[PDB]
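A single chain comes next, written as structure tokens; it is the form deposited without the named molecule.
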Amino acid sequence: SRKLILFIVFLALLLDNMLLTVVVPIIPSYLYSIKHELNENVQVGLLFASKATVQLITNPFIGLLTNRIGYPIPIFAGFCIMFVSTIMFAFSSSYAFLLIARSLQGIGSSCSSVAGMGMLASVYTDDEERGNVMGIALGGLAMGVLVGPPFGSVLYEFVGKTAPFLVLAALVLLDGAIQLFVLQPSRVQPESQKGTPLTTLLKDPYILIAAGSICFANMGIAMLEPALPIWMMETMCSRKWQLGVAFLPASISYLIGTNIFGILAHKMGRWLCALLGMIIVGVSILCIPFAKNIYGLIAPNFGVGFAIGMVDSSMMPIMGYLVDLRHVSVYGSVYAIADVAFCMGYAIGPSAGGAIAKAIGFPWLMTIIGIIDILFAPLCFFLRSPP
């Protein structure tokens, strides 16, 4: 029975992103009240950039650690680090402790994410099944990104401040108990063969093309998410609720597209799927700045989310397959890069987005992103199978 592994990885990614996104609506209000006692200040943006930066920095080291000692011990250490960090963030009272708690969450997130993706790729050796389960495990990323803020707002309204974090800590306890029940991280078990170090993989043009497609496709929405409400409040003078309701199509369509195209990308071809995904996200971002109301922004956001789901869900199994085909088949070191792409999107996203939007404007930012996506799109023709 290898469905328990899939369940553990789905739950790990879910709770990771639930925490990452539940922190977001709360801490501005708490920081403002503590100060009394733009959308991003000099300090506020750091609390969202640090989780992604520390994870980006510590992905490559986990890449080699999993080869040295195996997957279960990193996964369990990720559980423990995330649990302790969540309680610390629940009870923390000062800003520096917010910083160190966010950094510990980032370290634990890197541990669990990289080791779990490697373990999935290691248990599901078949190509088609690998894709079908990568789809479902990725659906949990976008299912935490979607249900985080609602959960946070409801629990922070009814019970109190510490309630969402204590509930998430209880969920992490249950996940760790399931891990001890199935994984049993008892001993240190070295892997069989060598690992083809990162300096050898990073010279491969096809791995570079795949990672760059993931990076740009995700950087699109990474720079679209923060700067859309600012431009909306100026151009339409919309009410507080239309800001939140405007972005639901992107998240809903991301979830649906991930879960469907996991299974559906092996029938059309993963290179064709990535090519059409790049074209569609480019056209949608180019079409955004022409809207008038939210009725104008309903369809382009659906296009963006659907296309990003296509790209990611068809470009992860291809990383696994490229390693299987051209190098030694161990997956921690290549999913290190695959996750560095995601984190690179989410780290410098809001800062550079806001800077460029202030410098030249919102339509120019959107046009630049769209043209870059459309121009990278033809490179995904080199990933087609020789037969």
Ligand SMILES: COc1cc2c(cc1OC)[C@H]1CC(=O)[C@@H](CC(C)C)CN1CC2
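Heads up, when I say rigid core I mean the largest set of C-alphas that superpose within 1.5 Å between the two forms. In case it trips you up, residue 1 is the first one in the sequence shown, and so on.
The form deposited with the named molecule bound is left out here; the points below concern that form.
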Legend entry - Close approach of residue 362 to the named molecule in the deposited complex, 4.5 Å, heavy atom: no
Inset, instruction - Using the partner position in the deposited complex, report whether residue 321 sits within 4.5 Å of the named molecule, counting heavy atoms only. - result: no
Legend entry - Exercise: residue 374 in contact with the named molecule in the deposited complex, heavy atom 4.5 Å: no
Legend entry - Any non-hydrogen atom of residue 129 within 4.5 angstroms of the named molecule in the deposited complex: no
Legend entry - Candidate stretches 353-361, 23-31, 56-64, 322-330 - the one whose heavy atoms come within 4.5 Å of the named molecule in the deposited complex: 23-31
Inset, instruction - Report yes if all three of 234, 236 and 297 come within 4.5 Å of the named molecule in the deposited complex by some heavy atom, otherwise no. - result: no
Inset, instruction - Just give me the single entry in 271, 216, 124, 247 that has a non-hydrogen atom within 4.5 angstroms of the named molecule in the deposited complex. - result: 247
Legend entry - Sole residue of 196, 103, 179, 251 within 4.5 Å of the named molecule in the deposited complex, by heavy atom: 251
Inset, instruction - Let me know which residues along 339-358 have a heavy atom within 4.5 Å of the named molecule in the deposited complex, or say none if there are none. - result: 342, 346
Legend entry - Out of 328, 69, 44, 26, the residue that alone shifts its CA by 2 Å or more between this form and the one not shown when the rigid core is the reference: 44
Legend entry - C-alpha of residue 93 off by 2 Å or more between this form and the one not shown on rigid core: yes
